[PDB]
Amino acid sequence: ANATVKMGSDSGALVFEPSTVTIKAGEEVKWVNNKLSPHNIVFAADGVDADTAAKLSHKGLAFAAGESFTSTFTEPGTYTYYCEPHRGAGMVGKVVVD
Ligand SMILES: [Cu+2]
């Protein structure tokens, strides 16, 4: 099914919820802008292919509150996307396609 993850929290904390999402194999996923920007989204091939996690990865950023991203969960694997600017602070997410 369609999944939704926010690059933060509706309060004032940089977190990734749901930290883990499970959808079908072929569906997509939409993200949402939050606080503690910018909030990048890079899917480091962690169990899945590169090129795959590539299109799934987002080497961009987030500044405007309203912009969202999309990711194809076709290939069944495990994609791990974390904060580029905070790739070593305590902000990461896990994906699971079935
Ligand atoms: Cu962040």
# chains A, B, ... in the order shown; residues from 1 in each chain; ligands from 1
call {"tool": "residues_near_ligand", "arguments": {"ligand": "ligand 1", "cutoff": "12 Å", "atoms": "only C-alpha atoms and all ligand atoms", "output": "number ranges by chain"}}
result
A: 6-9, 12-16, 33-42, 61-63, 81-93
call {"tool": "select_by_dssp", "arguments": {"residues": "stretch 3-94 of chain A", "states": "strand (DSSP E or B)", "output": "PDB file with N, CA and C atoms, in the first residue's frame"}}
result
ATOM      1  N   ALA A   3       2.710   4.322   1.418  1.00  0.00           N
ATOM      2  CA  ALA A   3       3.309   4.649   2.701  1.00  0.00           C
ATOM      3  C   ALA A   3       3.623   6.146   2.744  1.00  0.00           C
ATOM      4  N   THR A   4       3.752   6.656   3.961  1.00  0.00           N
ATOM      5  CA  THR A   4       4.050   8.065   4.155  1.00  0.00           C
ATOM      6  C   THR A   4       5.002   8.250   5.337  1.00  0.00           C
ATOM      7  N   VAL A   5       6.094   8.953   5.072  1.00  0.00           N
ATOM      8  CA  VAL A   5       7.088   9.209   6.102  1.00  0.00           C
ATOM      9  C   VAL A   5       7.403  10.705   6.139  1.00  0.00           C
ATOM     10  N   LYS A   6       7.549  11.217   7.351  1.00  0.00           N
ATOM     11  CA  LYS A   6       7.851  12.626   7.538  1.00  0.00           C
ATOM     12  C   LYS A   6       9.315  12.778   7.958  1.00  0.00           C
ATOM     13  N   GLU A  17       9.852   9.136  11.288  1.00  0.00           N
ATOM     14  CA  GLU A  17       8.695   8.313  11.599  1.00  0.00           C
ATOM     15  C   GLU A  17       7.739   8.268  10.405  1.00  0.00           C
ATOM     16  N   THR A  20      10.099   2.783  10.482  1.00  0.00           N
ATOM     17  CA  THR A  20       9.998   1.589   9.661  1.00  0.00           C
ATOM     18  C   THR A  20       8.613   1.498   9.018  1.00  0.00           C
ATOM     19  N   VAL A  21       8.615   1.293   7.710  1.00  0.00           N
ATOM     20  CA  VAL A  21       7.371   1.187   6.967  1.00  0.00           C
ATOM     21  C   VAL A  21       7.404  -0.077   6.105  1.00  0.00           C
ATOM     22  N   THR A  22       6.241  -0.699   5.980  1.00  0.00           N
ATOM     23  CA  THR A  22       6.122  -1.914   5.190  1.00  0.00           C
ATOM     24  C   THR A  22       4.980  -1.784   4.181  1.00  0.00           C
ATOM     25  N   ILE A  23       5.340  -1.890   2.910  1.00  0.00           N
ATOM     26  CA  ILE A  23       4.360  -1.787   1.842  1.00  0.00           C
ATOM     27  C   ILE A  23       4.549  -2.952   0.868  1.00  0.00           C
ATOM     28  N   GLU A  28       4.440   2.981  -4.207  1.00  0.00           N
ATOM     29  CA  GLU A  28       5.328   4.117  -4.025  1.00  0.00           C
ATOM     30  C   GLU A  28       5.216   4.655  -2.597  1.00  0.00           C
ATOM     31  N   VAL A  29       6.050   5.642  -2.303  1.00  0.00           N
ATOM     32  CA  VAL A  29       6.055   6.251  -0.983  1.00  0.00           C
ATOM     33  C   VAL A  29       6.287   7.756  -1.121  1.00  0.00           C
ATOM     34  N   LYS A  30       5.519   8.514  -0.352  1.00  0.00           N
ATOM     35  CA  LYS A  30       5.630   9.962  -0.379  1.00  0.00           C
ATOM     36  C   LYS A  30       6.189  10.451   0.958  1.00  0.00           C
ATOM     37  N   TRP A  31       6.983  11.509   0.881  1.00  0.00           N
ATOM     38  CA  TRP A  31       7.586  12.082   2.072  1.00  0.00           C
ATOM     39  C   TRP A  31       6.929  13.440   2.328  1.00  0.00           C
ATOM     40  N   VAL A  32       7.308  14.043   3.445  1.00  0.00           N
ATOM     41  CA  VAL A  32       6.766  15.339   3.816  1.00  0.00           C
ATOM     42  C   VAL A  32       7.862  16.175   4.481  1.00  0.00           C
ATOM     43  N   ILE A  41      17.511  13.330   1.964  1.00  0.00           N
ATOM     44  CA  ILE A  41      17.097  11.938   2.009  1.00  0.00           C
ATOM     45  C   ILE A  41      17.933  11.130   1.015  1.00  0.00           C
ATOM     46  N   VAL A  42      18.938  10.451   1.549  1.00  0.00           N
ATOM     47  CA  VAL A  42      19.816   9.640   0.725  1.00  0.00           C
ATOM     48  C   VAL A  42      19.696   8.175   1.148  1.00  0.00           C
ATOM     49  N   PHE A  43      19.288   7.348   0.196  1.00  0.00           N
ATOM     50  CA  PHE A  43      19.129   5.928   0.456  1.00  0.00           C
ATOM     51  C   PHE A  43      20.420   5.165   0.145  1.00  0.00           C
ATOM     52  N   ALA A  44      21.205   4.948   1.189  1.00  0.00           N
ATOM     53  CA  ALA A  44      22.464   4.237   1.042  1.00  0.00           C
ATOM     54  C   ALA A  44      22.182   2.743   0.860  1.00  0.00           C
ATOM     55  N   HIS A  58      17.516  10.442  -2.707  1.00  0.00           N
ATOM     56  CA  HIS A  58      17.247  11.824  -3.060  1.00  0.00           C
ATOM     57  C   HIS A  58      18.412  12.706  -2.607  1.00  0.00           C
ATOM     58  N   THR A  70       9.160  11.333  -3.768  1.00  0.00           N
ATOM     59  CA  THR A  70       8.554  10.050  -4.080  1.00  0.00           C
ATOM     60  C   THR A  70       9.633   8.984  -4.275  1.00  0.00           C
ATOM     61  N   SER A  71       9.265   7.750  -3.961  1.00  0.00           N
ATOM     62  CA  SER A  71      10.187   6.636  -4.097  1.00  0.00           C
ATOM     63  C   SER A  71       9.429   5.379  -4.526  1.00  0.00           C
ATOM     64  N   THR A  72      10.030   4.652  -5.458  1.00  0.00           N
ATOM     65  CA  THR A  72       9.426   3.431  -5.961  1.00  0.00           C
ATOM     66  C   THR A  72       9.944   2.220  -5.183  1.00  0.00           C
ATOM     67  N   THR A  80      17.640   2.017   3.285  1.00  0.00           N
ATOM     68  CA  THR A  80      17.895   2.815   4.473  1.00  0.00           C
ATOM     69  C   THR A  80      18.273   4.245   4.083  1.00  0.00           C
ATOM     70  N   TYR A  81      17.372   5.166   4.388  1.00  0.00           N
ATOM     71  CA  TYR A  81      17.597   6.568   4.077  1.00  0.00           C
ATOM     72  C   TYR A  81      17.814   7.385   5.352  1.00  0.00           C
ATOM     73  N   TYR A  82      18.886   8.162   5.343  1.00  0.00           N
ATOM     74  CA  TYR A  82      19.217   8.994   6.488  1.00  0.00           C
ATOM     75  C   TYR A  82      19.419  10.451   6.066  1.00  0.00           C
ATOM     76  N   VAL A  92      17.784   8.475  11.082  1.00  0.00           N
ATOM     77  CA  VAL A  92      17.801   7.525   9.984  1.00  0.00           C
ATOM     78  C   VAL A  92      16.448   6.814   9.909  1.00  0.00           C
ATOM     79  N   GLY A  93      16.240   6.120   8.800  1.00  0.00           N
ATOM     80  CA  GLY A  93      14.998   5.394   8.592  1.00  0.00           C
ATOM     81  C   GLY A  93      15.255   4.057   7.897  1.00  0.00           C
ATOM     82  N   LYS A  94      14.307   3.147   8.064  1.00  0.00           N
ATOM     83  CA  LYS A  94      14.417   1.830   7.460  1.00  0.00           C
ATOM     84  C   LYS A  94      13.176   1.558   6.609  1.00  0.00           C
TER      85      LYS A  94
END
call {"tool": "select_by_dssp", "arguments": {"residues": "stretch 3-86 of chain A", "states": "alpha helix (DSSP H)", "output": "number ranges by chain"}}
result
A: 50-56
call {"tool": "write_last_selection", "arguments": {"atoms": "C-alpha atoms", "output": "PDB file, in the first residue's frame"}}
result
ATOM      1  CA  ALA A  50      22.769   0.695  -5.874  1.00  0.00           C
ATOM      2  CA  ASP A  51      21.115   1.888  -9.063  1.00  0.00           C
ATOM      3  CA  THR A  52      17.905   0.788  -7.385  1.00  0.00           C
ATOM      4  CA  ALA A  53      18.415   2.714  -4.167  1.00  0.00           C
ATOM      5  CA  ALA A  54      19.730   5.397  -6.492  1.00  0.00           C
ATOM      6  CA  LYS A  55      16.403   6.374  -8.013  1.00  0.00           C
ATOM      7  CA  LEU A  56      15.010   5.811  -4.539  1.00  0.00           C
TER       8      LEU A  56
END
call {"tool": "atom_distance", "arguments": {"atom1": "atom CA of residue A:76", "atom2": "atom CA of residue A:25"}}
result
5.8 Å
call {"tool": "atom_distance", "arguments": {"atom1": "atom CA of residue A:18", "atom2": "atom CA of residue A:68"}}
result
15.7 Å
call {"tool": "closest_residue", "arguments": {"among": "A:45, A:59, A:74, A:1", "to": "residue A:26", "atoms": "only C-alpha atoms"}}
result
A:74
call {"tool": "atom_distance", "arguments": {"atom1": "atom CA of residue A:96", "atom2": "atom CA of residue A:57"}}
result
14.6 Å
